[PDB]
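>>> could you work out the structure for the sequence below:
(9 chains)
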Amino acid sequence: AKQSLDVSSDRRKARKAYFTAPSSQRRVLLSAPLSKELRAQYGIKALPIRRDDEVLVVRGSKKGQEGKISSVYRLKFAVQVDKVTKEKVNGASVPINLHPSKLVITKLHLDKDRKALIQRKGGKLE
Amino acid sequence: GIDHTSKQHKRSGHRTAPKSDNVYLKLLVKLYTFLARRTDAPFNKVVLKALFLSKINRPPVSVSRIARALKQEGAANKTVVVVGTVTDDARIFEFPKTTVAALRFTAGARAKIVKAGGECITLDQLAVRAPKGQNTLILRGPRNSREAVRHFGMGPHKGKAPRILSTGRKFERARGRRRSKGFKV
Amino acid sequence: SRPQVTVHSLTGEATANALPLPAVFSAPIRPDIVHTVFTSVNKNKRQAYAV
Amino acid sequence: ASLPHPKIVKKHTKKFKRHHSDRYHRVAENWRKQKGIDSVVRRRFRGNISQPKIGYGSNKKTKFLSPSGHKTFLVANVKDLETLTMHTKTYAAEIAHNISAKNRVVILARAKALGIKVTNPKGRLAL
Amino acid sequence: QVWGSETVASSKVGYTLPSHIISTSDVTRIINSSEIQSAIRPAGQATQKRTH
Amino acid sequence: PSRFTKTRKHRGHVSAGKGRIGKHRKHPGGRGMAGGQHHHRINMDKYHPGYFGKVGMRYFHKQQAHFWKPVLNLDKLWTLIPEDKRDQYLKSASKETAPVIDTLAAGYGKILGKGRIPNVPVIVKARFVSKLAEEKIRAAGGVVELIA
Amino acid sequence: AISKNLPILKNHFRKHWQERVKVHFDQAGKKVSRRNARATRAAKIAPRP
RNA sequence: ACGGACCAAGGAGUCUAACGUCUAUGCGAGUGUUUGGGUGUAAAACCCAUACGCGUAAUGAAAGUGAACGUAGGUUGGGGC
RNA sequence: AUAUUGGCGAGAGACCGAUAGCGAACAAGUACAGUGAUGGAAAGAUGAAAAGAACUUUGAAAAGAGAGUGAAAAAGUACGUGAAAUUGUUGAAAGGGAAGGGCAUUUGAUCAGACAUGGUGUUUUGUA
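Numbers count the residues shown, from 1 in each chain, chains lettered A, B, ... in the order given. Sharing the structure here:
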């Protein structure tokens, strides 16, 4: 619970820091869970979403539809997927943006900074 | 069209109920009304009137005035009755035994009475030992000895205490307080 | 002649250890004094506000 | 199936409207006392409306009784439904307006198994 | 010990448990008794007879 | 609280318990003590006789140090000994055991006469006294000590 | 103005004292930092009393 | 005689300092923790020292003084016993 | 150690809630008025996602009927629900220089409860 003087429980300072969040701390505000498959290859449970990731949807009117991310929208706090899109009436097709908390990761993309974070959070990677 | 020679729905000027919320008082009053019904004794009737009195009408009865009652006719070996609390008079020295049947007893009062060889019983215990009031001696408190009662009835030539925090000269002792400054009241 | 109260352990059960009582339980109970004093202590844990 | 009560009379059956509630859009039906010194209605004149006074009280043996002869009782659950054991000919059951059609019928069926009357069985009946 | 009793102090200076003014919790027990059931004359009806 | 105020019961009567003729005004007869020697001396003659005029004299720089004189009467006296030592020097009224009482230590100055005590010899260290108290002290058997 | 039988009032408030008031809400707040200066003195000013 | 074209939202005997009347409450010739210290679950809560205001005596302009002859008297009326 | 209605960084409130609270939740001391010194606003909300009206036809355009979109257009960039004044329209009714009103009843429209009760002899009954 609340025991420290440096933490705030105020709802306005939360929806203020959230509605006016910078892009660097935005990759933070948009973290996503792994699968039990990935929770056994590393042991970690969280990690922000990126362009080169394959994520599955387990919630909403898209119950059971996976795909590879096209371009994540930090501006609105979402992410587009090329395999999960919506068509319009004029015939034009425009992808869909959703929240990464409902999207569990199946496949990940590792680089220099990515493998460093695996050991930093408490994993074993591969 | 009846002409009412006096006044309408005029309340007796008494209390049919106590202006208090004491849980133990609702219990005390209940048993004394039971007696004012089936005994006839004038005792339970005047005592039932004291259950609706204020602290002004229930002044603290001191044990020095109680010691005066033991030195009188009939109260040598009689029990005393008190309406309210009992205060310890650190002004007396000698006292016998006897019994006290008061509502309350201050720590100080209850100490010297029981220490001198006496007892301090509540209203209810002595009520069972004396149903109609057999061997009782009830007393009152100094009502017209209050700070407020002094300032009641103030007018010229009377002398019923004037209200003011500060005492001494320069405080209502000028014009109208000496035969020299116009007059002296 | 104390009323006595049975001791309990962490898994429930009553213990053979019967003990006397503080006696503040056989004392006066005034729910009316509480009423008035309760509204007073609530004002103790407050703050202020102006324009 | 009610308790021992006589013939229920209410005296004044019409409505007790406010003054000018038929003359202005600003004035409502709610009874407001007129404090005007030149109030003809307040001075109990001939030709004005009747003011509601204490003199219209009802007998305590037929008071608060609905059209059937039962004093109302509002319920929200089946637990307050059981609290009317020896109060079935004394009171009549009724559901709240903010409840859902499904939970209300489980209580309406539980109420008939006991012997209480429901003055609103048509509440949200989808046929 | 922190509140005292009839034998120990109270731990608090100038403090002593509140004073009692009654005897029993149940007043129908006091009013019942034995000495009281004697000094009381016969009862009534509990619900007056409407004469006339 | 605003709830128990009857002002809420005037929220319909219009006038709000202040009349309809002279009604409620700013400062009707004035502000404060204005009118004492003038239009309001009627209430001053009675109730407050002597507010205006002059008393005796003026005291420049007055200090209640030379005026610190709390008094103690024949009434108390024994109150300055714990009951465990008060009745010990009471019951057994012997000689040369005269309980030395310090009025200085109790926060006093002068002594007076109010209403008797028993016949036991008592020695006390006090500042000032009275003629009446002085007499029932010699008759009791005790003495007084002069403290500065 | 002059009315009823009551003690004459000597309340001096005929000023703009609406700008001269003292708020004592920091009373308990000062008591804490009062103690924090003492624990800092006993700490900064060596193990001396 | 004066305001009032209509409808809606706001819209006026207050807060607090110092006291009096009545009332409840605790203590009781004493009384008031929140002025301050300790402690801490944290602006809360709980405990405490020392002084102080008011009361426990008045009276005079002031130096100054200051309430029991008598079971703290007698008379008249008096509740209750 | 005493102060603090400006600046700066944090944690709270029995505060207030779009005629409120700061003039100011927004391109705000901005628009805008004044020679100027100065004065000083109105304005929050579509929708979970614009997924924002493609397309046919009539029309000069705006749009209409539809369709399609959409969980819901009684959710459509004049957008959440949409109070009264005022108004459209169908249905009703009254009215010979006011309307409307109190109390009684005629008629029009409309609505509640009550009815079962409780229970006895029982040719003996669809499956206790």
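>>> so which residues on chain D come close to RNA strand I?
D:1, D:14, D:22-23, D:25, D:47-50, D:67-68, D:117, D:119 (Cβ under 7 Å from any atom of the strand). The way it works is simple: take the backbone N, C-alpha and C, and place the C-beta from them, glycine included.
>>> of those residues, which is the nearest to chain G?
The closest of the residues of chain D next to RNA strand I to chain G turns out to be residue D:48 (Cβ to the nearest Cβ; 43.3 Å).
>>> contacts only, for that closest one.
D:40-41 (Cβ atoms under 8 Å, 6 or more residues apart in numbering or on different chains).
>>> over to residue D:19?
D:27, D:32, D:34, D:39, D:41, D:49.
>>> do that again at 6 Å, thanks
Contact analysis of residue D:19 by Cβ atoms under 6 Å, 6 or more residues apart in numbering or on different chains lists D:34, D:41.
>>> picking up where we left off before, who wins for neighbours among the residues of chain D next to RNA strand I?
residue D:117 (19 neighbours; other Cβ atoms under 10 Å in any protein chain shown).
>>> which element is the closest residue to it other than its chain neighbours on?
Closest residue in space to residue D:117, ignoring its immediate chain neighbours: residue D:92 at 4.5 Å, by Cβ to Cβ, 6 or more residues apart in numbering or on different chains. In this structure, residue D:92 sits in strand D:91-95 according to DSSP states H and E.
>>> kindly indicate whether the residue in chain G positioned nearest to chain B is helix, strand or coil.
Closest contact between chain G and chain B, by Cβ to the nearest Cβ, is at residue G:7 (4.2 Å). The three-state assignment at residue G:7 reads coil, by DSSP: H, G, I helix; E, B strand; the rest coil.
>>> ditto for the one 5 residues further on
Under three-state DSSP, the three-state class of residue G:12 is coil.
>>> so which bits of chain E are right by RNA strand I?
Counting by Cβ under 7 Å from any atom of the strand, no residue of chain E is near RNA strand I.
>>> revised request: answer the last question for chain C.
By Cβ under 7 Å from any atom of the strand, the residues of chain C that approach RNA strand I are C:39, C:42-43, C:45-49, C:51.
>>> and the strands in chain C?
Along chain C, the segments classed as strands by DSSP state E run C:5-9, C:12-19.
>>> before we move on, back to that, bridged to the residue nearest to residue D:117, which residues?
Per DSSP bridges, the residues bridged to residue D:92 are residue D:72.
>>> for burial, what's the neighbour tally of it?
Neighbour tally, residue D:92, other Cβ under 10 Å: 22.
>>> if I pick it, what's in contact with it?
D:66, D:70, D:117, D:119.
>>> next: residue D:107.
D:78, D:81.
>>> how about it, phi and psi?
phi -90, psi -30 (degrees, to the nearest 10).
>>> do residue A:105 as well
phi -80, psi 130.
>>> can I get the residues of chain C next to RNA strand I in a markdown table with distance to residue F:38 and neighbour count?
Shown next, in a markdown table, are the residues of chain C next to RNA strand I (distance: Cβ to Cβ, whole Å; neighbours: other Cβ atoms under 10 Å in any protein chain shown):
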| residue | distance to residue F:38 | neighbour count |
| --- | --- | --- |
| C:39 | 47 | 10 |
| C:42 | 51 | 9 |
| C:43 | 46 | 7 |
| C:45 | 53 | 6 |
| C:46 | 48 | 7 |
| C:47 | 49 | 5 |
| C:48 | 44 | 6 |
| C:49 | 45 | 5 |
| C:51 | 41 | 2 |
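>>> can you put these in CSV and add distance to residue D:112?
Converted to CSV, the residues of chain C next to RNA strand I look like this (distance: Cβ to Cβ, whole Å):
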residue, distance to residue D:112
C:39, 47
C:42, 47
C:43, 52
C:45, 51
C:46, 52
C:47, 55
C:48, 58
C:49, 55
C:51, 59
